[PDB]
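1. Experimental coordinates for this protein are included below, preceded by the sequence.
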Amino acid sequence: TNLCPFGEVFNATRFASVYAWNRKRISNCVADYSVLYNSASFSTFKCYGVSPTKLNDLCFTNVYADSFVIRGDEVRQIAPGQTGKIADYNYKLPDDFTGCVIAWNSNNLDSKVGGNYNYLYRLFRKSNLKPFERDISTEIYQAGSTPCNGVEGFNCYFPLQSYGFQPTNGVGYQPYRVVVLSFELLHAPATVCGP
Amino acid sequence: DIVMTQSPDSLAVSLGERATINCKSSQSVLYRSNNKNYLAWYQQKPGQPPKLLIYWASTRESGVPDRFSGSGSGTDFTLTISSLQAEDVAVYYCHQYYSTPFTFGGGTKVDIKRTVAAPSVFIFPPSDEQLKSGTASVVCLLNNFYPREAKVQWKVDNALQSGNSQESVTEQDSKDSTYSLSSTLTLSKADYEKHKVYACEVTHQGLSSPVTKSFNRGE
Amino acid sequence: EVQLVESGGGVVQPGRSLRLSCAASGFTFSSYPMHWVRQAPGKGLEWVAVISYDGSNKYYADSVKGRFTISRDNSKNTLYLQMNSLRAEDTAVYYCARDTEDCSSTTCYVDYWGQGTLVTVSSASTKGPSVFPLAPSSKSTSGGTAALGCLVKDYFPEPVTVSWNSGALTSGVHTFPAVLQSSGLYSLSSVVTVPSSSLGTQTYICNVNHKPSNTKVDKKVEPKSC
Ligand SMILES: *[C@@H]1O[C@H](CO)[C@@H](O[C@@H]2O[C@H](CO)[C@@H](O)[C@H](O)[C@H]2NC(C)=O)[C@H](O)[C@H]1NC(C)=O
C-alpha cells in the first residue's frame, strides 16, 4: 500500500518534554521496521512482547508512537515494571506491555551552551499514574500540612523541575530522546503491517 | 513541510486607522511542553534587510513601538497595527521556526490610504538618434495616481499590442503618497516604419472615462 | 550590536560554482547557529540553510538540497556557502542571519541580519549602458509643465544610479525599478517634470553611474521645436 510516517517521529526537530509526552497514532501503512533495527544510530532498542526481527511479518490493529526526552542515566526507568520517578509520576508503562522502546543520545540537539531549561519533568505527585497517563496540569503541591492556596512557603512546592542539559555534562546526564511503539495486537481488521 | 499563507496581499490603510494581517500554517506550530507558540513576524522596508517584530507569536522585540501586537494560537495568527505612521510602509513576513525547513510568507505591502488622485499622462515617440540605433521605444508616463490599479492600453493605429509591452511602477512616493508608472513599447525598426499613429490609454478610479494621449508620427 | 558583512557574489554563468562568505563580529561566533536567506528581486524572503553552533548538523531547504553546501569556519569567524550547478532561478540577494538560541532544541528564530549580496545568474557580457534621450518639449506640452526623461538600455549587472542636473534637482525625479527585458538585458527610464517657462533657461543632463563598467556617460537633453 503506502508508507507511514516514521520519518516525522524519528527525524523530529522538537521532542516534547517527558511529563507531557507526545502520542501519535499511525495506521494504514506498510511499515518496514528493518530501517529502525538496521540503523546503528540508536543506543537502546529493546522489544518486550515481540521479537524485533519478526516485526516485519505480523499485522497490527493500531500502533502508537510515544515520544519524549529524558536524562541518559534513567532511561532504564522505561520498562513494564521498574518503578521510579519518571516511571511512576511521569510515564507509566503497563506490566503487560507488547511493544518496543528506542532511545538515542541527542546531546548535540537538546543541550545548549548556557544549559537547556525548557525541558521539565514532574516531581512530587500526590500519587502514581495509570499506565499511559498524560498529566499536563501542575497545580501548587502540598508537602507538609499547610493550605497551599497559591503559596510556595517552605512546604507548598511546585511539581515541575528542570534538567541541566549542558554540553559539559557527564555521559549519564546528557539528554536521550525516547520513542516507544506500542502495538495493538487485537484481532480486529488489520490496518498497519509490513510486506 | 509546514507552509505559511499570509493574507491579504495589499493592505492599504490611512493614518490613525487600524490594520490586521493574518497567517495560517499547514500544521499546528504550537509546542506543548511549554506553552510557547513557535512563530515570528518580521518586516522589511524597500531596499533594506528585514527586522524582527514578534517572536513566540505574541511577545515583542525590545525597541518596537507599542502599536504592533501579535495574537493567535494553534495555526492561526494575526499582527495588529493599532495606529499608523510614516515609518510603517513595509512588507511584512511570517516565519515559522518549528520544523526544518523553515518557511516565510508572501508579504503584505502595507501602503497609505489617501484621497483618490488624478493621473497626468504623456507620450513619446522614439528620438531620432534612436531610429539610427535600432530600437523602437515609445513611452507613456502615468504620474501621481492612487489607488494602484491602472490598466494601460497601447494602441498602434487602433491596435492593442501584447508581449512587446513592458510596464513598471515606483514604490509609494514619499511626497504625496501617490504612484507612478513607466509604460513602454519596445519594437524593432521594421514594424515601426509601417505605422503612423500611437496611443496610450488608461482607466482609473479618479477617471470617469479613459484619458488618451496620442499623436501621429512626424507631426 | 553585531556586524555581519556578506562577501563574495556578483556575476555567474549557468552551471558555474560560487562561494559566499559572511564575516561576523561583535559576538562569540562559535556559540550561535547561522542561517542563509535568499530573496529574489521583488519576490520575498525564502529560507536556504542552517548550521549548528559546533558545526555538525546542517539542514537545507527543499529546492536546494544537494545543490549547495554550507560550512562554517569558527577560527576566522566566518560562514561559508558553496553554490554548485546554479540555475537561472537562483539569481537573488543573499542574507546571512544570526540565530538566537532560545527554542527548546538547537535551531530557532533569527534576529540580526546582514546586508545582502547580489548573486546574479546569467551568461552575458557586462555591456555598457546606452543612454537614449526623451525630451518631450513638443510631445509633452501640458501648458504648465513638460515631463522629459531618459532611458537606458543594455547594461549588466544590476547596480546602476541615474542622476539629473548634477544632483541639484531632486524634486520630481521618478527613479524607476530596473527590469530585465526578455532579451536578458536591463533597462530603466528616469523622468522629471519641469515648468515650461524654464525649459531652455537651465540645461538638463542625464548621468548614469554603473560601477562594474565604471560608466560615467553623460547625455544632454535639450528641447526640439519639431
Ligand atoms: C532520519 O531518520 C532516518 C531513519 O528513519 C534516517 O534515514 C537516513 O536516510 C538516508 C537516505 O537513505 C540514509 O543516510 C540512511 O537511509 C539514513 N541515514 C542515517 C541512518 O544516517 C536519517 O538518519 C534521518 N534522515 C536524514 C535525511 O538524514
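-> Yes, it's here. Residues are numbered from 1 along each chain as shown, chains lettered A, B, ... in the order given.
2. Check chain B and tell me which residue is nearest its centre.
-> The C-alpha lying nearest the average C-alpha coordinate of chain B belongs to residue B:109 (Cα atoms, centre = their mean; 6.0 Å).
3. and that one, what is it in contact with?
-> The neighbourhood of residue B:109, defined by Cβ atoms under 8 Å, 6 or more residues apart in numbering or on different chains, consists of B:9, B:10, B:11, B:91. Any C-beta I mention is one placed from the backbone N, CA and C, and that applies to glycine too.
4. which bits of chain C sit near chain A?
-> Contact residues, chain C versus chain A (Cβ under 8 Å from any Cβ of the partner chain): C:31, C:52, C:53, C:54, C:56, C:57, C:101, C:103, C:104, C:105, C:106, C:107.
5. ok, 10 Å please
-> Contact residues (Cβ under 10 Å from any Cβ of the partner chain) of chain C with chain A: C:28, C:30-32, C:52-54, C:56-57, C:59, C:101-108.
6. Go through the contacts of residue B:109 and give me the one with the most neighbours.
-> Within these, neighbour counts (other Cβ atoms under 10 Å in any protein chain shown) peak at residue B:91, which reaches 19 neighbours.
7. which non-adjacent residue is nearest that one?
-> Nearest non-adjacent residue to residue B:91, counting by Cβ to Cβ, 6 or more residues apart in numbering or on different chains: residue B:107, 4.1 Å away.
8. would you say that neighbour is within a strand?
-> No - counting by DSSP: H, G, I helix; E, B strand; the rest coil, residue B:107 falls outside a strand, being coil.
9. Would you check that it makes contact with residue B:46?
-> No - at 11.2 Å, residue B:107 and residue B:46 do not qualify as touching, with contact defined as Cβ atoms under 10 Å.
10. Please enumerate the shared neighbours of the two.
-> Between them, residue B:107 and residue B:46 share these contacting residues under Cβ atoms under 10 Å, 6 or more residues apart in numbering or on different chains: B:90, B:91.
11. who has more neighbours, those two?
-> Higher neighbour count among residue B:107 and residue B:46: residue B:107, with 21 against 12, using other Cβ under 10 Å.
12. So what sits opposite residue 121 in the bridge?
-> All of this is about chain A. Counting by DSSP bridges, residue A:121 forms beta bridges with residue A:161.
13. please go with chain C instead
-> residue C:12.
14. For chain B, what lies in contact range of chain A?
-> B:27, B:29, B:31-36, B:38, B:97-100, B:102.
15. contacting residues around residue 181?
-> Using chain A. The contact partners of residue A:181, by Cβ under 10 Å, 6+ apart, come to A:6, A:9, A:26, A:31, A:33, A:36, A:47, A:55, A:60, A:63-66, A:98-102.
16. ah, no, chain B please
-> Contact analysis of residue B:181 by Cβ under 10 Å, 6+ apart lists B:119, B:121, B:140-143, B:145, B:148, B:150, B:152, B:167-170, B:202, C:174, C:176.
17. mind listing which of these are in strands?
-> Among the contacts of residue B:181, the ones falling in strands (DSSP state E) are B:121, B:140, B:141, B:142, B:143, B:152, B:202, C:174.
18. burial count for the fifth one?
-> A total of 22 residues lie near residue B:143 under the criterion other Cβ under 10 Å.
19. One more: the first one?
-> Counted with other Cβ under 10 Å, the burial measure for residue B:121 works out to 25 neighbours.
20. tell me which residues form a beta bridge with it?
-> Beta-bridge partners for residue B:121, by DSSP bridges, are residue B:142.
21. quick one: it and chain A, what's the gap?
-> Distance of residue B:121 to chain A, computed by Cβ to the nearest Cβ, to the nearest Å: 55 Å.
22. and what of residue C:123?
-> 39 Å.
23. check contacts around the residue nearest to that residue when sequence neighbours are not counted.
-> Excluding the flanking residues, the one nearest residue C:123 by Cβ to Cβ, 6+ apart is residue C:13, at 4.3 Å. Counting by Cβ under 10 Å, 6+ apart, residue C:13 makes contact with C:86, C:121, C:122, C:123, C:124.
24. Of those residues, grab the buried ones for ChimeraX.
-> Selection of buried members from these for ChimeraX, criterion 16 or more other Cβ atoms under 10 Å in any protein chain shown:
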select /C:86,121
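25. Adding distance to residue A:41, write the contacts of residue C:13 out as a markdown table.
-> Converted to a markdown table, those look like this (distance: Cβ to Cβ, whole Å):
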| residue | distance to residue A:41 |
| --- | --- |
| C:86 | 34 |
| C:121 | 38 |
| C:122 | 43 |
| C:123 | 44 |
| C:124 | 48 |
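26. Among the contacts of residue C:13, find me the one that's closest to residue A:21.
-> Closest approach to residue A:21 among the contacts of residue C:13 (Cβ to Cβ): residue C:86, at 44.9 Å.
27. gap between the nearest residue to the closest one once chain neighbours are set aside and residue B:44?
-> Among residues not flanking residue C:86 along the chain, residue C:121 sits closest, at 5.0 Å (Cβ to Cβ, 6+ apart). Plainly put, residue C:121 is 23 Å away from residue B:44 if you go by Cβ to Cβ, to the nearest Å.
28. repeat for residue A:39
-> According to Cβ to Cβ, residue A:39 stands 42 Å off from residue B:44.
29. Over to residue B:195?
-> 44 Å.
30. of those two, who's got more company?
-> Neighbours per residue, other Cβ under 10 Å: of residue B:195 and residue B:44, the larger number sits with residue B:44, 18 against 14.
31. give me every residue that touches the nearest residue to that one once chain neighbours are set aside.
-> Nearest non-adjacent residue to residue B:44, counting by Cβ to Cβ, 6+ apart: residue B:50, 4.1 Å away. Applying Cβ under 10 Å, 6+ apart, we find residue B:50 in contact with B:42-44, B:90-93, B:95, B:104, C:37, C:39, C:45, C:95, C:97, C:110, C:113.
32. If we use 8 Å, what do you get?
-> With Cβ under 8 Å, 6+ apart, residue B:50 has these contacts: B:42, B:43, B:44, B:93, C:45, C:113.
33. now do residue B:85
-> The neighbourhood of residue B:85, defined by Cβ under 8 Å, 6+ apart, consists of B:15, B:67.
34. go with 7 Å
-> Counting by Cβ atoms under 7 Å, 6 or more residues apart in numbering or on different chains, residue B:85 touches residue B:15.
35. what about the spatially most central residue of chain C, distance to chain B?
-> Centroid-nearest residue in chain C, with Cα atoms, centre = their mean: residue C:118, separated by 5.2 Å. As judged by Cβ to the nearest Cβ, residue C:118 and chain B stand 12 Å apart.
36. Please tell me I have it right and that residue contacts residue C:93.
-> Yes - Residue C:118 lies in contact with residue C:93 (Cβ atoms under 7 Å); the separation is 6.0 Å.
37. Just the CA trace of stretch C:97-113, in CSV.
-> Taking C-alpha atoms only, stretch C:97-113 is exported to CSV below (Å, rounded to 0.1, in the frame of the first residue of the first chain):
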residue,chain,number,x,y,z
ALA,C,97,21.4,35.9,9.5
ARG,C,98,22.3,35.1,13.1
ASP,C,99,20.2,32.8,15.2
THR,C,100,19.3,33.4,18.8
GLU,C,101,19.2,30.2,20.8
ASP,C,102,16.0,30.3,22.8
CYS,C,103,13.9,27.5,21.4
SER,C,104,14.0,24.1,23.2
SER,C,105,16.2,22.5,20.5
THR,C,106,19.1,23.9,18.6
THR,C,107,17.7,25.7,15.6
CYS,C,108,15.5,28.7,16.5
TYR,C,109,14.4,32.0,15.1
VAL,C,110,16.7,34.6,13.6
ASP,C,111,17.1,38.2,14.9
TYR,C,112,20.1,40.1,13.4
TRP,C,113,20.5,40.2,9.7
